[PDB]
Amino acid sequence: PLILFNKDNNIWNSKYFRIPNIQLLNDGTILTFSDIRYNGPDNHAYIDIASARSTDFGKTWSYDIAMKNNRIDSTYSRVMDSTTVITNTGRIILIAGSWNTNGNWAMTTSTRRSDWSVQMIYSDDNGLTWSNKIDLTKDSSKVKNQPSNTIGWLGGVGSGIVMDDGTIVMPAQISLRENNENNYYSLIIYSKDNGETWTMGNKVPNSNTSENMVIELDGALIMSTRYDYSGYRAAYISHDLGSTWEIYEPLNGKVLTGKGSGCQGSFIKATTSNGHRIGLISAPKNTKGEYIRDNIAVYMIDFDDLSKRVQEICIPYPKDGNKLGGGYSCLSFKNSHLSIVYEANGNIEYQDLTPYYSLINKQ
């Protein structure tokens, strides 16, 4: 596997890389992102977000800094946990959480986190140049239906989707102040104006849910979310663009995540040659438990053949993750090509999983 972001050899001399992201462009361009964790693996540290671009199918990469933190705190200023999407116009949107203090983003403060904000950048030139950082939460002109008891929120860490009519849907996670407690939930946000303004959906029926991704299936939204301390990835379905949610049985609890806290994963849809709509999930098996997060595997479900059980297709990273921070992955499928980026002992590796999709396509 090619080392995309190397902790031992990078142009920023960063000691650690975390939270990968990948987008397969329509013309074959591969666009990837990752946290630039300069001082180490800690989440509450000095972090920017990088971009690696390839015009030769992953052989050579051009590196840049897509987003910088607010530059306020040389120790804690950070923009992190990227959530990306490609609109129908080709516009590439990146959504990230922004902080500059110490402490968990969801549990530290009992009121709205003062240094918290959601920053968004977009590129109209296929990832060559990026726009200015646009604050989505400093006022109320960009995001509608933001709960008043919001401690903070950010993207679902991964990739969004585009509906039939062109509506962009982004996975999201929110922390809410409810009855002297801080409960965090998963949900979605959507934009009908190419990402200029957004409307916030409602929370999923269960707390302790966070990082997630949604797919579109015949107008509905099917979510595969991180369900902490449940041992599995939860799944919900929505028929009103994320306003109401029901448990999606065919996927709920099917992907096990081992003991301890959950872990981020990716959930994308692919349409095989026989017309079937399949779901591809990447997540560590975590058979060794807790934050070890071993064996980043790729699972498959056939929505048009739901009697067939979820299949383990391959394990792109059949090793233990680093307990300091690992296990995150992101899949991207476009034009019968499948690619993955994942964390690998402080590094970010890349793989082309297209031959495995060809085994699925049965052509």
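In case it trips you up, residue 1 is the first one in the sequence shown, and so on.
Comparing average C-alpha B factors as deposited, tell me which of 296-304 and 61-69 sits higher.
Going by the record's values, the stretch with the higher mean is 61-69.
Highest mean C-alpha temperature factor of the two stretches 169-177 and 139-147, which is it?
Comparing 139-147 with 169-177, the higher average CA B-factor belongs to 139-147.
Whose C-alpha has the highest temperature factor in the PDB entry: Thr225, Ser110, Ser230, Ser266?
Top of the list by C-alpha B-factor: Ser110.
Reading the B-factor column of the entry, which of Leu251, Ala270, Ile121, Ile188 has the highest value at its C-alpha atom?
Checking the PDB record, the top C-alpha B-factor among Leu251, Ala270, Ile121, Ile188 is at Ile121.
Would the CA B-factor of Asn21 place it in the lowest, middle or highest third of its chain?
For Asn21, the deposited C-alpha B-factor lands in the middle third.
Looking at the temperature factor on the CA atom of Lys334, which third of the chain's modelled residues does it land in?
Middle third, going by the recorded CA B-factors of the chain.
Splitting the chain's C-alpha B-factors into thirds, which one does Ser54 fall into?
Within its chain, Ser54 is a highest-third residue by C-alpha B-factor, going by the deposited values.
B-factor third for the C-alpha atom of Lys285 within its chain:
According to the entry, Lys285 has a C-alpha B-factor in the chain's lowest third.
Select lowest, middle or highest to describe the third in which the CA B-factor of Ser210 falls within its chain in this entry.
Lowest third - that is where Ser210 ends up once the chain's C-alpha B-factors are sorted.
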